[PDB]
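Residue numbers (the entry's author numbering), protein chains in the order written: chain D, 2 to 111; chain E, 2 to 120; chain C, 98 to 172, 186 to 245, 263 to 339; chain A, 340 to 580. Backbone N, C-alpha and C fix where the C-beta goes; we use that ideal spot for every residue, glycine too. Single-structure report; data block below.
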Ligand SMILES: *[C@@H]1O[C@H](CO)[C@@H](O[C@@H]2O[C@H](CO)[C@@H](O)[C@H](O)[C@H]2NC(C)=O)[C@H](O)[C@H]1NC(C)=O
Ligand SMILES: *[C@@H]1O[C@H](CO)[C@@H](O)[C@H](O)[C@H]1NC(C)=O
Ligand SMILES: *[C@@H]1O[C@H](CO)[C@@H](O)[C@H](O)[C@H]1NC(C)=O
Ligand SMILES: *[C@@H]1O[C@H](CO)[C@@H](O)[C@H](O)[C@H]1NC(C)=O
């Protein structure tokens with residue numbers, strides 16, 4: 002369908018980044034696991050993060066974590082680093098062109 | 002692993018802008034392929050597609066991107082030949098590559114295809 | 098009125114082993130080798146004399162359920191002769207319909223039964239039954272491996288057959304290969320007087336051998 | 340309907356369709372070239388059209404591409420064990436190919452569903468309809484889910500966007516008795532043309548002889564096939580086509 006994401010956050014190093022992927026119409030999965038997570042760094046190609054929000058693994062650092070409930074998908078990135086934060090994305094599935102998120106980027110102060 | 006793309010191009014609206022997605026580091030058949038756009042000041046838009054063991058090449062229907070997609074599996078090269086060009090087609094296009102079956106994914110990405118259609 | 102509409106064969110007829118069928122209605126046949134079960138009394142039912150003569154084309158009923166099925170097909187005045195036999199698991203059939211006016215007796219008369227069907231159905235049958243219209264007779268034979276002498280005609284239509292074991296005279300024809308047998312003595316067979324039972328006679332009291 | 344039936348049953352189930360009382364053309368089944376693998380185990384692929392079977396059985400289902408390799412007598416796995424089996428004497432061919440863009444759905448269509456745990460192994464060409472919750476942990480599962488208590492089955496997502504393995508590959512398997520029962524299914528029997536007044540070997544319906552084929556007046560009885568003569572010399576023949 003169409004989804005919405007948490008547009009931005011402004012935080013400090015060594016913290017959690019709570020990122021809501023909010024899906025309009027379809028909510029997650031019939032098989033109980035869907036949507037996704039993706040990251041595109043500024044001046045950089047996009048990059049995979051998580052799929053079905055609960056999943057993926059090696060190649061995606063441990064800081065990337067979270068889950069989702071129906072529409073909302075929570076990308077929870079613990080212990081933020083000022084070098085590691087960049088625009089994030091989540092793909093839909095099961096309906097419509099899978100599209101992506103509106104983009105998600107967590108600023109870090111200091 | 003690595004998606005190499007065709008270089009930039011600048012055309013007028015209404016034509017057909019060809020592209021190529023060069024595959025380095027994976028079997029191009031085993032992976033359904035795509036061309037996804039990141040437009041200026043926009044979200045990632047999944048646009049163009051092709052499946053692995055078949056021909057899928059569906060788009061967002063909407064106004065069809067319509068961009069001609071084909072494969073040379075010897076070249077491992079996915080093509081994007083963009084039909085109904087327009088000024089909005091200015092963007093950075095990413096031919097993407099999916100994971101094996103599941104809730105996703107797009108594993109790796111192209112480096113982007115700079116595309117500008119304007120006067 | 099065409100009372101005799103059916104057959105049910107088998108070696109169990111219990112719905113278990115392979116149980117043939119035949120039926121008839123509106124000239125349009127039935128067959129199954131489906132293995133199925135029945136009422137105490139397989140039959141065909143009817144009620145009488147209306148806009149549906151014999152009504153009750155809803156008889157329907159011999160049987161339980163057609164189950165694990167290895168074939169299918171579909172499509186006095188009278189005499190209808192049907193030979194049935196199994197060889198190489200091919201159930202076979204022959205037939206006629208020949209008109210007669212009479213009641214009690216198989217007309218002394220001769221006609222040969224061409225085939226209708228070969229069935230390679232592989233049923234292995236010891237018994238059978240038949241069916242009838244409920245609200263007119265029939266016969267049965269049994270076949271035994273004789274030797275005949277068949278006389279074809281210019282069309283290949285068997286005009287006449289001649290037995291052998293029937294009696295002496297018809298073992299003369301079987302020797303000459305001719306229906307017309309003229310005067311004089313024609314040596315045919317041997318006759319070897321039967322044995323009676325057997326006499327086993329063995330040295331008595333027999334002890335016991337020690338293979339052991 | 341073996342191959343061309345639109346929606347096949349899912350993998351935990353399948354359909355046993357007897358094929359008998361017909362002539363079976365394997366050529367197009369051999370020559371269609373729409374099938375990923377035309378895989379014979381105990382028989383000759385090009386000699387099918389020449390080979391005749393009493394029984395034939397088709398079982399039509401959907402498996403992961405990587406499971407396509409798994410089906411072969413002697414090849415076990417999640418498949419052979421639980422959802423559906425292979426004979427270990429299995430003899431016959433196997434035909435697999437993808438339905439992907441048809442049977443897959445972008446949502447990972449969950450119709451095609453494979454047996455997760457049912458302890459036993461099926462008998463050749465058999466199934467089980469068991470939905471009973473599997474018991475892993477010795478603690479009684481009470482027929483419901485719980486700790487180490489698994490639903491006996493598991494449901495493939497098939498996305499068109501899947502990799503090779505995870506696309507649906509429709510697999511129909513064949514079967515037979517060969518001969519030794521009354522024969523029903525045979526391959527097509529290829530008639531030639533005809534030549535008259537030229538000495539030829541010939542074969543008719545299996546009658547084999549050699550002579551000068553000529554038109555004749557004499558009439559048969561519609562069920563009669565050959566002719567003969569006094570000497571039992573096969574003479575007339577009724578042209579089968
Ligand atoms: C064909 O069917 C007959 C059905 O009777 C089978 O005959 C039985 O054979 C056993 C031993 O061979 C006897 O003890 C029984 O008495 C027979 N049946 C009856 C009713 O007497 C026969 O075995 C079958 N043949 C095959 C090959 O299946
Ligand atoms: C005779 O039996 C058949 C068996 O299929 C039944 O379906 C049908 O109604 C009957 N009548 C005709 C004319 O076949
Ligand atoms: C043989 O058939 C012909 C017609 O084909 C017929 O005129 C003749 O009477 C028949 N004779 C016999 C004995 O069948
Ligand atoms: C299945 O049907 C298609 C068209 O409906 C046909 O081209 C194909 O040959 C069929 N399959 C086989 C094995 O013949």
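Asked                                                                                                                       : Found
Test item: CB-CB of residue 350(C) and residue 99(C) under 8 Å                                                              : Outside the displayed range of chain C (98 to 339) lies residue 350(C), so it cannot be described from this structure.
Chain A contact residues for residue 32(D), given Cβ-Cβ distances below 8 Å                                                 : 447, 449, 494 and 496
From 289(C), 322(C), 313(C) and 104(C), residue whose alpha carbon lies closest to that of residue 306(C)                   : 289(C)
Three-state class that DSSP yields for residue 96(D) in the structure shown                                                 : coil
Beta bridge counterpart(s) of residue 77(D) as assigned by DSSP                                                             : 19(D) and 66(D)
Any C-beta of chain E under 8 Å from that of residue 453(A)                                                                 : no
Whole-angstrom C-beta distance between residue 113(E) and residue 6(E), which should lie under 8 Å                          : 7 Å
Contact under 8 Å by Cβ, residue 51(E) with residue 60(E)                                                                   : no
Where the alpha helix (DSSP H) through residue 398(A) begins and ends                                                       : Per DSSP, residue 398(A) belongs to no alpha helix (DSSP H); it is in the beta strand (DSSP E), 396-403.
CB-CB length for residue 662(A) against residue 497(A), believed under 8 Å                                                  : It is not possible to answer for residue 662(A), since the shown part of chain A is limited to 340 through 580.
Contact with chain D by residue 47(E), beta-carbon distance below 8 Å                                                       : yes
DSSP three-state assignment for residue 424(A), whether helix, strand or coil                                               : coil
Whole-Å CB distance - residue 465(A) paired with residue 424(A), under 8 Å assumed                                          : 6 Å
Presumed contact (8 Å Cβ cut-off) between residue 43(E) and residue 118(E), rounded CB distance                             : Actually they do not touch by this definition, with Cβ atoms about 15 Å apart.
Any non-hydrogen atom of ligand 3 closer than 7 Å to residue 558(A) Cβ                                                      : yes
Bridge-paired residues (DSSP) for residue 379(A)                                                                            : 432(A)
Runs of beta strand (DSSP E) lying entirely within the segment 279-329 of chain C, each at least 3 residues, in chain order : 287-289
Residue 368(A) Cβ short of 7 Å to ligand 4 heavy atom set                                                                   : yes
Per-residue DSSP class, three states only, for residue 3(E)                                                                 : strand
Contact test: residue 551(A) Cβ vs ligand 2 heavy atom, cutoff 7 Å                                                          : no
Residue 160(C) - partner residues in DSSP beta bridges                                                                      : 135(C)
Chain A contact for residue 132(C) (CB, 8 Å cutoff)                                                                         : no
Within-8 Å CB hit, residue 98(D) to chain E                                                                                 : yes
Element boundaries [beta strand (DSSP E), containing residue 108(E)]                                                        : 107-110
Residue 224(C) beta carbon near ligand 3 (any heavy atom closer than 7 Å)                                                   : no
Buried or exposed (CB count within 10 angstroms, at least 16 for buried), residue 65(D)                                     : buried
Chain E residues whose Cβ lies nearer than 8 Å to that of residue 416(A)                                                    : Ordered by position in chain E, no residue passes the 8 Å Cβ test against residue 416(A), which lies about 18 Å from the chain.
Local Cβ density within 10 Å of residue 538(A), reported as buried at 16 or more and exposed below that                     : exposed
C-beta neighbour in chain E for residue 510(A), strict 8 Å                                                                  : no
Heavy atom of ligand 4 within 7 Å of residue 371(A) beta-carbon                                                             : yes
Any non-hydrogen atom of ligand 5 within 7 Å of residue 342(A) CB                                                           : Among the ligands present in this structure, namely ligand 1, ligand 2, ligand 3 and ligand 4, ligand 5 is not found.
Cβ-Cβ separation, residue 432(A) to residue 524(A) (assumed contact under 8 Å), whole Å                                     : Not really, about 13 Å apart at Cβ, beyond 8 Å.
Residue from 9(E), 65(E), 19(E) and 95(E) whose Cα sits closest to the Cα of residue 34(E)                                  : 95(E)
Where the segment 24-53 of chain D meets chain E: residues whose CB sits under 8 Å from a CB there                          : 30, 34, 35, 36, 37, 39, 41, 46, 47, 48, 49, 52 and 53
Straight-line Cα distance separating residue 227(C) from residue 195(C)                                                     : 11 Å
Inside the segment 450-533 of chain A only - beta strand (DSSP E) runs reaching at least 3 residues                         : 452-454, 492-494 and 507-512
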